[PDB]
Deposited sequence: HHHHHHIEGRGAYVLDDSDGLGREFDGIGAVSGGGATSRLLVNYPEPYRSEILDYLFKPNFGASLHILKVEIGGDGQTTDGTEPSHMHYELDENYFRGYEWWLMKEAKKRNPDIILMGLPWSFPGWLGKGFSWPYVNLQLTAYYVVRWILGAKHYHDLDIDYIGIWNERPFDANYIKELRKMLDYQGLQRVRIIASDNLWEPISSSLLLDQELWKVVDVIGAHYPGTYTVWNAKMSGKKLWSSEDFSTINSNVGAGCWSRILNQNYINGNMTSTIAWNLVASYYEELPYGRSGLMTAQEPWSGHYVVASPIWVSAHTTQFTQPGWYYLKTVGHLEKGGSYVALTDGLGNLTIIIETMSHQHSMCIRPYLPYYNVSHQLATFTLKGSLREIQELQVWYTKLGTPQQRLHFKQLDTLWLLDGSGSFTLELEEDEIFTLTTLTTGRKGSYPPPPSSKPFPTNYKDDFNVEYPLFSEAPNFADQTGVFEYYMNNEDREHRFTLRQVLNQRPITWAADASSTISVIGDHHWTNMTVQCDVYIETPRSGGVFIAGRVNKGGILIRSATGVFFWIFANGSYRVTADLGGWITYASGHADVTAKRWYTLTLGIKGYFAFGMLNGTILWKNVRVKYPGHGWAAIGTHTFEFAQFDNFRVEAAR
C-alpha cells in the first residue's frame, strides 16, 4: 500500500558508512603487481567518489606474520626490537584510498601476532602492555611514515577479548596522544561483549563501537541496551556472482532495519588471490591476474554504488524504514540539508543466499509501492532515479521522477531482484574504463632472479606466502647472490589459523599437472636446517596443513626426502645427499604423469619415482621449520 516517509517526529540513527576488508588474509596479494593503468583503474572502481563502489570505509588487517585465510601478511615487528613500516601492501592500499577519497574511514584489526609477543606461550594476553605497545606502534607508524590517520582499532579478530587489555589499549592510545582513535569490539559474536559493557562501567567508557560478524541482519537486546553504535564489522564473504550481489544488496538495507546496524563491512575488498584458495572470488570485484591485467567489475560493485554514491557518513536514517508487504525492504536517509536518498531492494530468496547464515525460504512477488513525503520532506519537486536488475542490467540511470502534484507522493512497480535508488543528489555516475585484457592462464614459462635493489614492495610478485614470510633480501658481500628471496620468521606466530609446521609460498597456476621447478636454495641453520621445492600443491590458506603434492626436501645433515604432503607423513623417496648448511645448491624437480625426478646441481639424485596421478596444483618453495633460508633464480616450466 502506502509507505510514509517522515521527518517531523525525528530521525533514526546516524549512518556510519559502508566499507570492505583488505586482509584476513592476503586478499589484496595479487593486486600490487598489476601493470598500469589497470591497477589504478581498479582502485578507482573501489575508492573514487561518484564513480564505482565509492567506499566510505577501508578496513585492513594488521599483519602478524600468521596465516589468516588466503595467506600470511607481514608484521611491522617480526622480532623484538624490530620495526619496519614498509612491509606488505596495506600501507600502500590505504594511501591509494586516501588519495581518491580524503574523507575515507580507516580501520585496523589484528588476526595473528608475532610469536615473541607471547613470551613462551601462544597467547597475546600474557603481557597486556606489550601487546598494546605492539598495536599502538602500528597506529603511530601509519601517521609518521604514511600520513595516515587510523580511525578505529579492533581487538583480536573472531578470538576472545580481554577486558583488561581493552582498558590498557585505551590508556596506551591516550598516552601516545591518540585520544581521537576509537575502539571497536570484539569482532566476534554479540556476546560476551554486549553483556560485559552492561556489567562494567569502565569497559563501557572505553569501547566506542560494538562490531559483530555475520549477524544475519539481527542484533541482540543487550547490544541495543548499551546505547553503542552497532556495526556488522564483517559480512558478505560470498562469491561475487549475481547471487552474492543479491546477498550484499539485501543485507545493506536490512542490517539497519532488522538490527539497528549503522554500518556494514564486506569481506573482502577485492579478490586478488588465487581462486583455488579458500573462499575464492569472494570480493566486491575480481582482480586475480596481474600477469594479464584482466579484472572483472563484478555485480557487487554497483550494488554498493546504490548506497555509497548517494549517502555519506554523518547522514541520518529516517525513523520510517521497513519491509515491503510482498517482500523486500526500503531505507531512507537525509543529510539534514534537504537532501533525501531512498534505497529499495526486492531480492528473492534464490538469488540472495549468503553463506552465513542461510535464510529459511521467504516469498517475493510483483507489487506496487506508494511513497508519501511528510514533514519537511514535503517539498522536493524532483528525484533522480537509479536502477539495477540482477540475473542483467546494472546501475543504469532512469528519467527523473517529478512530484509537481503537491501530494508529495509517487508510485513504483517492483519485481523480484531489483534495486532502486531515489535521491535528490545529482552527482551519481556509473564510472567506466575501457575493457581490460582477456583472461589468460599463469605464464607456462616463468622466471624470477629477484634482482631488485630498490623494490617498491617487500616481496617478489605472485609469491603468496601460506606459512612464514618471504622478503626481498640484499646480501652485499656475496656477489653471485646479492639479491635473493628470504624467509624471515624464526618462530611460530601467535596463530589465528592452523599454520603449517613448515613455511611455504605458492605461485603459478593451480591447474598445472606436468611441471619442472628449479630454484637455488641456501640453508642458514647448521645441522638441523632444511628447505624444499614443490609442485602439484593443491591446498593453501586456511587449509595449508592439508596440502598434498610432490615435495623435494634437502637437509643440512646430509639427507633428502620426497613426500606427498607438506606435513611429510607420506614418503615417495628418501636417501643421503651431499648437502650442508651455508652453501648454495640448485634444486630441480620434474613431475610428469605418474613419475617424478629430482636434480641436485644438475645431477640426478632420484628418477622415475612414482607419484600419485592424476593431480594438479601450484609450485612452491619453503623451509622445514620457522628458520632463515634464502632462495634465488627461481624458474618453472609447466603444462596445464
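Engineer: Going from the first residue of the deposited sequence to the last, where are the unmodelled runs?
Structural biologist: Unmodelled stretches, in sequence order: 1-10, 402-405.
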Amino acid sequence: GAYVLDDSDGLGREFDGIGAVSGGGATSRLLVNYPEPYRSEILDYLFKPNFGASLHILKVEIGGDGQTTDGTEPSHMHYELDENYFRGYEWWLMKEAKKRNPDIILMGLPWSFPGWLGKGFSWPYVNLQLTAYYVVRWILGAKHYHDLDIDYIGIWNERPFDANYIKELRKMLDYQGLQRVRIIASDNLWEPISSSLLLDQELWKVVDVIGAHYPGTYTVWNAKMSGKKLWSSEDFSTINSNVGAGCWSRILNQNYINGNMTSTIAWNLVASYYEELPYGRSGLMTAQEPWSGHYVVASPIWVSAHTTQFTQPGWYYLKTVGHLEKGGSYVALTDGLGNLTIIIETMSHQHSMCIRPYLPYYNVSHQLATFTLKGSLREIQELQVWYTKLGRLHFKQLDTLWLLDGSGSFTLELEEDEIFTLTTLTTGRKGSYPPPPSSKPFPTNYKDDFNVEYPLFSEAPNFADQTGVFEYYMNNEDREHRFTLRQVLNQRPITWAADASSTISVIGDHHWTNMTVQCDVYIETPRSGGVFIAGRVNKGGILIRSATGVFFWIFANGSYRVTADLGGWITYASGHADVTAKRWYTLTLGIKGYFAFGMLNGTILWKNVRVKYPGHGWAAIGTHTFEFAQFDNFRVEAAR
From here on, numbers count along this sequence of modelled residues.
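Engineer: In the PDB record, does 545-553 or 123-131 carry the higher mean Cα temperature factor?
Structural biologist: Per the PDB record, 545-553.
Engineer: Regarding 376-384 and 432-440, which shows the higher C-alpha temperature factor on average in the entry?
Structural biologist: Looking at the record's C-alpha B-factors, the answer is 376-384.
Engineer: Quiz for you: based on the deposited Cα B-factor, which of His146, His394, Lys224, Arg180 is highest?
Structural biologist: It is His394.
Engineer: Take the CA temperature factors straight from the PDB entry and tell me which of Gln491, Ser112, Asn476, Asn268 peaks.
Structural biologist: Of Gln491, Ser112, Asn476, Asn268, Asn476 has the highest C-alpha B-factor.
Engineer: Lowest, middle or highest third: where is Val517 by C-alpha B factor in its chain?
Structural biologist: According to the entry, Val517 has a C-alpha B-factor in the chain's middle third.
Engineer: Pull the Cα B-factor of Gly10 out of the PDB entry and bin it into the chain's lowest, middle or highest third.
Structural biologist: Ranked within chain, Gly10 CA B lands in the highest tercile.
Engineer: Sort the modelled residues of this chain by their C-alpha B factor and say whether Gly598 lands in the lowest, middle or highest third.
Structural biologist: Middle third - that is where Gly598 ends up once the chain's C-alpha B-factors are sorted.
Engineer: Sorting by Cα B-factor within the chain, modelled residues only, which third would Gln466 end up in: lowest, middle or highest?
Structural biologist: It belongs to the lowest third of the chain when residues are ordered by C-alpha B-factor.
Engineer: Quick check on the deposited entry: does the C-alpha B-factor of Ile239 sit in the lowest, middle or highest third of its chain?
Structural biologist: It belongs to the middle third of the chain when residues are ordered by C-alpha B-factor.
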